[PDB]
Amino acid sequence: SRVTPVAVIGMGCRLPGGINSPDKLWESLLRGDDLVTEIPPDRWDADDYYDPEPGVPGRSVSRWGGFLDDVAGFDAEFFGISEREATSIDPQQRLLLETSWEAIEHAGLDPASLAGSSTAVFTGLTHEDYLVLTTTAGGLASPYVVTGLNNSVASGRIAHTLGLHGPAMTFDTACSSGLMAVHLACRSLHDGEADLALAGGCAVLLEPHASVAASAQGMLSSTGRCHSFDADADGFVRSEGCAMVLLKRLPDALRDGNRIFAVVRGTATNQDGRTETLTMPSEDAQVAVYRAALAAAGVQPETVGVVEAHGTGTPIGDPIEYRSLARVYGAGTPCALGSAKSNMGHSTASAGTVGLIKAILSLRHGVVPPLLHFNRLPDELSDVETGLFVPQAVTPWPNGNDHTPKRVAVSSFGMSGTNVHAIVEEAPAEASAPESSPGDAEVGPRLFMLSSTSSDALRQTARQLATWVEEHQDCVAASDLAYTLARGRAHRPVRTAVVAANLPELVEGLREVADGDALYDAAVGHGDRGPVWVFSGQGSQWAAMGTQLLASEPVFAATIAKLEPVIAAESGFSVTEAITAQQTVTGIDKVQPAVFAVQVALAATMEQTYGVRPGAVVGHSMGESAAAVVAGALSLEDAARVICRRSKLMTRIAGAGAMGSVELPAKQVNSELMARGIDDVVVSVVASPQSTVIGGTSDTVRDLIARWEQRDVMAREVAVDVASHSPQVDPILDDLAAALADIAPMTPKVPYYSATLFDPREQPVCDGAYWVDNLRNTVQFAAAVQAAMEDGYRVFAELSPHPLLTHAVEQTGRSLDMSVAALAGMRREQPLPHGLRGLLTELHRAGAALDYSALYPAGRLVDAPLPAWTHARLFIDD
Amino acid sequence: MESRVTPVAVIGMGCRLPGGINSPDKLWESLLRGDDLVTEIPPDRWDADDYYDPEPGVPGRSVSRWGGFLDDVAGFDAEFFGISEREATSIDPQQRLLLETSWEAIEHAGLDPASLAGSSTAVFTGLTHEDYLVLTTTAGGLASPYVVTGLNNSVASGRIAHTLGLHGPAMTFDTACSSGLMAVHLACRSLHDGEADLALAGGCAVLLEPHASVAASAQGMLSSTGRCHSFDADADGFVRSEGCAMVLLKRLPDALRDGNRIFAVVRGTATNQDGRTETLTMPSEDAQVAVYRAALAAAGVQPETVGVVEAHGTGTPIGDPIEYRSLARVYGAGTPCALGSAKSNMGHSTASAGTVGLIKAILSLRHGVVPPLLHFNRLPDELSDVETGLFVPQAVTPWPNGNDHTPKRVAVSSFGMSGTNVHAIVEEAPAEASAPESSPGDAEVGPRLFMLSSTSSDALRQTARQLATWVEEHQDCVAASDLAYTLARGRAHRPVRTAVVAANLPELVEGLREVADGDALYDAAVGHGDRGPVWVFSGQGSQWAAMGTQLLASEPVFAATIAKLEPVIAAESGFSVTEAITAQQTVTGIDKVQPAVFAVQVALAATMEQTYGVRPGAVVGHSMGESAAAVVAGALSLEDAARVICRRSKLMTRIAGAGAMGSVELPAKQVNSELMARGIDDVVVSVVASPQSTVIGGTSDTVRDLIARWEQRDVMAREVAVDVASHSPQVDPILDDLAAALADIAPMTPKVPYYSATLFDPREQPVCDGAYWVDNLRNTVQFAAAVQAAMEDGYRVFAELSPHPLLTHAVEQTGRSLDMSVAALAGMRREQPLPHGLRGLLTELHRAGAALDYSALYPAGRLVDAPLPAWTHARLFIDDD
Amino acid sequence: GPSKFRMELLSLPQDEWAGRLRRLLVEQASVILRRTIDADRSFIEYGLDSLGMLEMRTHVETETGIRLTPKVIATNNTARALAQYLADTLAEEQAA
Ligand SMILES: *[C@@H](CCCCCCCCCCCCCC)C(=O)NCCNC(=O)CCNC(=O)[C@H](O)C(C)(C)COP(=O)(O)O
Ligand SMILES: *[C@@H](CCCCCCCCCCCCCC)C(=O)NCCNC(=O)CCNC(=O)[C@H](O)C(C)(C)COP(*)(=O)O
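Residue numbers (full-length UniProt numbering), protein chains in the order written: chain A, 3 to 880; chain B, 1 to 881; chain C, 2011 to 2106.
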């Protein structure tokens, strides 16, 4: 072997007829589809130039071509491109930018993970149609033309966008540009200049003057069809198309476990040299490049089963090529001769890569697609004795032996006389992991995860995937598909999840998402920071809260089982019946422990079963006790005593005061309270900057409420037993401190934003005096939440039985002009047949950091379709 | 110590830059003189006032009115490359300049581009901008069929490979302003692989249209002042400028083995991308530092041994401080290091400044000095904190840290707009492993032959004038013999060619001025150099008094051959050859006239082959001329043909005035019909000289009476009195004696092809026996058919080797009949002096285009930097007036 | 004299100076980018190129009298940070 083998670990393409995926390309090739259509009126009026008489000046003989369903579409915002600059960008560059992202995602890699890598980019561009259209419109004066119409930035932008550091050059080698990029990338990876390579080309047809000019040369087909290797060959038809591949050194790819589609064992390039005419090919030059590539790959030509020829369909090009192949390949052993350009026309720049992609697919499925538009070879090739043949149907691999890996030969010959050839071998024998036992493939709901750049794109994405799952539901494994959508895709800003146990169930859910009218909204996080647990106070209790979770989640049930004896120890009460009875838990000695048990088990389930690391913890009222447990400051055996011992204490002062809710800032409330000479009523909880909770003497509290109602102020009393965070609790703190004298606080390991300490940023020591202070002092919950946002957290999920502070969090975030998400872990009478997977679905939708490895330990990548795009039409105009 | 790539030697460089710079040496003179090459935009391109606006950011207007412009962009030598005028009109000028400069690069390396046919030479050409495409679509000329190759970028490199018949990889590419040096990266990589043994790298810049300036001006790139104030505190942007530059690259072990001249060694090169950093065009400091240490690692060079950095130096207020701070982090670690940038002198030659920067680096290496930076007055205050050994030279500076233990090394950098950086480390050429310098040898100062060439007459005069100026300057820096060697075996001989004979350079300067000013019409060569000339050997009538006196005194080998043949005639004819050729009166009497003509003519052909290496591709003789032709082609030995001719002249000396030669313009068929009408057999066709000229031999009275018959009928039937009526029945009685008296010779097979007028078919090999000779004095001389078969074989150059040309006019006539352009040179003329021996024939033989053995004429010598020939540029452009 | 916004802003207590600025920025970037921005996600991934940075540079100069430079927006890569950078810069010059 002359060079290092290079593995094609990812492929991406956009091709005429709506083909935008390598798997979709294979289906069309196998079906024998013909993607050559009449020129859409959107490009130009074909009848303004069509003339069947050859060589008529100013007129073309071709009215056909292979066109993309749309070209002006480009998801500009997802790449941070403003419409003003996006409009002037050559569509060839935009399609390359999009398809390169598809190529990386197809490999199972997050493109954002490639930032800072030594990845190299090689893109070939041969047509300046958008430049000419801009010149005709006279819009060259726009400053964005400097970047929009230059050819170097076609690969520069891709490297700039993804933050790559390898070579990022753009070349132009005519119709062999697509395959030349693979040869250059295979060279660069071997030299060590890079560790990953993006190779391919793009061609876009927007102007008739390119077609008529070639028509005057007699190049294009009169019948408008690339009759490759047929007697009626009369020329080619230009066609749009963009295709890219991702290349990585084989030892690295095998070491890192990336899926390998095929191995490029060696490439070679050559020039036709001096010929009769500048565009005439040379037979001996083609024969030389064949032996050069085989020598570089170190493989005998007798073992190359299938040759993917150039096959443009020119009357003189094919006989030269056919003689070239017969002198090297097909030496006795049968050989199959194919050409992708028959099915979709000549893609020019990208024709090299598309031919390669067809070769990759043929290797994987082990068959050769029939060659469209073939009846017989030209009569002048009758005497050539060779093993070559043109398949007229889906044929098995011509060799059929097992001792030798399947190999193909890919060729591409440029107009300027530059030839490219590459030898591709099938992927290595899969390093199959130990077979998954039926116990590992547990029957149970799994999250299938979607993403897109907009609401409509998500609905389109769901529809596409639903049809794909409906086809491969027997061939694909549900475990792998769940793994692939989570661990092997890029989570685009607008995202959702569908939970199901079987693929048919998954399809039905996707169709509901496809036809649903819900306004899916973009995520607010970046997966860099974990969610912030919010532990609310009392009042969220509802009848039979824990019945569903106990019957569904084992860790939740286990947590209650461990904590139940402590309640029966300190308070002598059984929480299992209270949270499962038909009546809401009542009594402070019962209400507080019941809420505490649910919250801590909810947190316990989340970071153990679903492995969600909390980025920060925020506590409100007794929720601070739950907050301490999750933060690692205390053990559950301590806070349970803290809750239980405290809970029985204010049973003495049940009814010792009344609470009021004032929807005004606390600062002005304090000033008005001071100006009124009143000092028994104090601010209890600063819930939001626009709301305040007060408590004190029951009759007096009603008096300011009436004194606020006469001022038409929105105010309300709070129907709860104990005047917490007010001087009414005074007769207990001395007893409470003695009861908590045995508490052993520890330093918190999770960021703790206490609402009791004057500075929320302080990491508390949850000693006895804290809870004494917590009950007496006011709660600056809005301040603590505000502090967490200032630190950068944006996702808050409250773990109470019912949402009570989610509205407060949203108000505080809005008061800071900050985009935040307020999720609810549980809701009153909300059925959750799938357990807490609903919250996990919501947390991912918001964008909190997750340990997807814990949810999806291992699995094989599969071919799930990539997400759609928010294709806004961005084209020049006159 | 570790070198991960093979060192690559730059064996040839060529460029075309603004201000009439057409050669690397002329670039060096400009840099030392501190020339500023940017000018106001010429009205020929566009009206600059139609777009100028000093206010930055104004829509639809450009802030700069200056640029560096080539003196002639539309100029192209279409016919030399075999491209029709129509096709060349629609070819992008970037492609046309690349084709011309690449040819200049190959010649500058000392190689004939025709010798690269079938080689594995690779071609990488950087190329940005599409101004001609913009112009073409504005004029609406895209319907032309030639556009498919004229405007497609891939043909830019494909055309070079197609023209020269190169088989290595050939591609063009775009990497913004770093494409020029990126070509060197790919070429070094391709050579390292073994894919190629020669590589052309470079780029082209062309500035035909204004909107490119307007679009960039809105972005704020364009400099308001109009000069690239590289590394100056007043930097405000760059200025675009035209320019093309190409280099030729070869593996260093191969360059040493073949003995090619090395200008510099590219030890290593590397490239990378800036990555995600602010805006698309904002450069990254850390990326620049990475490529420096990567290139050094690949080249195995520590940075402290690099003394000069050819920085990118665009002149933007953002780019320059990033460059300086990045360089100070790598280079100049305590040791002084000199900064520089070719951008300052000639603006930004986008997509080619990478190569132009490289070329400046090589010239600095060979001359060992750092050119001053033009507009530098003070570094920006932002860089006052940076501590470094770097410094910007304000005058011609000796090489920093100059020493012999460490070879001089240069770092070349070039950064593109897309963010792709290229950086290469260049070392001086290895210590000259030349032959003993000024060693004794061919120290003779005899007049040497200096060769000129071009594509047209007016081009030759321009070429002579340019070379005359160059020789006038370097008359002391180089030896005359080396210049003669360079022009002969180190250049490509274009169709229009001539030579000048001189003994010393001062005479040469006078000679070129005569050629540059003379109104001589220099016709292009008719030969392709494939086949050697065809010697022509004549009959009687060429003799004149004291012919060889000057030749005997000017060609020692001629004299040796004359002396060699002297004894045999002194035995067979009894008289010394020097008598007839040195007497003050013309030799008379066939017994001495005939041997004398044969003796000189044989030595003449001997003089060409032994002394001037002129191997004849074919040989043709006439009458007596077959004897001389037989010796030269190898059909018979030298002395044996001598006894052959003296015996004949003596044997027919028995008769005087045996008959007559009626020479008529009538065709042989027509005179045969006329003779049949006359019915006499006393006269016979003796010589078929031309299709429009026939010679009739026979009895005197039958000739004289009958030739008057055409003279009454107004027919061009002249005759000059001759001693012998050969090829006629008048010599028949002596043939029996002649058939045996000279039968002692032993003919053998010629080693050279022979066309014989004696045989019916000249192409047949003639056995030079007496019977064949007896045919010669009797059979009709079929000379016209003899030369006809020669040109049917494609031979083109015919030289008449006779004291006076007699049959040359016949060659032109038959060539005119054949509609086939041929050369009819004459070896020597009547009374014509020979101040330089037969060198006057050789210069004409070269001008005709025959095959020559230049190795024999020019055994050895070092190549020189003599200026390349000027092109016949024609104004080819697209107009929308 | 200075823009009407600058008179109002200084007359207001300095603690909301970030809040009022954080809007002069959101509105101005919204019209420049033609997209309702958010106050925390970075400009560069909105597509704020070098030109748009100039339009921001000149506009804030008219509205606040502060000479912004393109490196600063490159450093204060988000609106909240940029408004924060404007706040103390206003505070520092005021204290002079
Ligand atoms: C790719 C060809 C790419 C170039 C032509 C299509 C694009 C539009 C024109 C270029 C841009 C113009 C400027 C902007 C508007 C390709 O695959 N081509 C065919 C490859 N075949 C091949 O090389 C051999 C085919 N050649 C011939 O059949 C033969 O040379 C001709 C019939 C074409 C010419 O014959 P003659 O004129 O007698 O030499
Ligand atoms: C050369 C840069 C490219 C010059 C030629 C561009 C001509 C237009 C090409 C497209 C065709 C349009 C016409 C179609 C008919 C170069 O040498 N690049 C390296 C240095 N160049 C830089 O830009 C580096 C310094 N950059 C800057 O100063 C800033 O990024 C600029 C001023 C560009 C933007 O400032 P803003 O980001 O603060």
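Ideal Cβ positions, reconstructed from N, Cα and C, are used throughout, including at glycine.
CA-to-CA distance, residue j to residue i, given in whole angstroms
i                    : j      : result
B/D385               : B/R329 : 13 Å
A/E428               : A/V526 : 43 Å
residue 2 of chain A : B/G315 : Examination of residue 2 of chain A is not possible in this model, given that chain A is present from 3 through 880 alone.
A/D49                : A/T455 : 39 Å
A/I106               : A/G14  : 8 Å
B/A333               : B/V123 : 38 Å
B/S663               : B/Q692 : 11 Å
Residue-level contact to chain B via CB, residue i, 9 Å cutoff
i       : result
C/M2066 : no
A/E472  : no
A/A176  : yes
A/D49   : no
A/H312  : no
A/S230  : no
Contact under 9 Å by Cβ, residue i with residue j
i      : j      : result
A/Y132 : A/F231 : no
A/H167 : A/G226 : no
A/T335 : A/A299 : no
B/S341 : B/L37  : no
Sequence-distant residues of its chain with Cβ nearer than 7 Å to residue i (five each side left out)
i      : result
A/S649 : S573, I590, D591, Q594 and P595
Contact with chain C by residue i, beta-carbon distance below 9 Å
i     : result
B/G57 : yes
A/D92 : no
B/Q95 : no
8 Å Cβ shell around residue i - same chain, five flanking residues per side excluded
i      : result
A/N779 : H727 and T758
A/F238 : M221, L222, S223, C228, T314, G315, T316, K343, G347 and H348
6 Å CB neighbourhood of residue i in its chain, flanking five on each side removed
i      : result
A/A741 : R647
A/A823 : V526, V797 and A848
A/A443 : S481
Closer than 9 Å to chain D by CB, residue i
i      : result
A/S413 : Protein chains A, B and C are contained in the structure displayed, whereas chain D is not.
Integer Cβ distance of residue i from residue j, believed to fall under 8 Å
i      : j      : result
A/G539 : A/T582 : Wrong, their Cβ atoms sit about 22 Å apart, outside the cutoff.
B/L868 : B/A88  : Actually they are not in contact, since the Cβ atoms of B/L868 and B/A88 sit about 21 Å apart, beyond 8 Å.
Contact with chain A by residue i, beta-carbon distance below 9 Å
i      : result
B/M182 : yes
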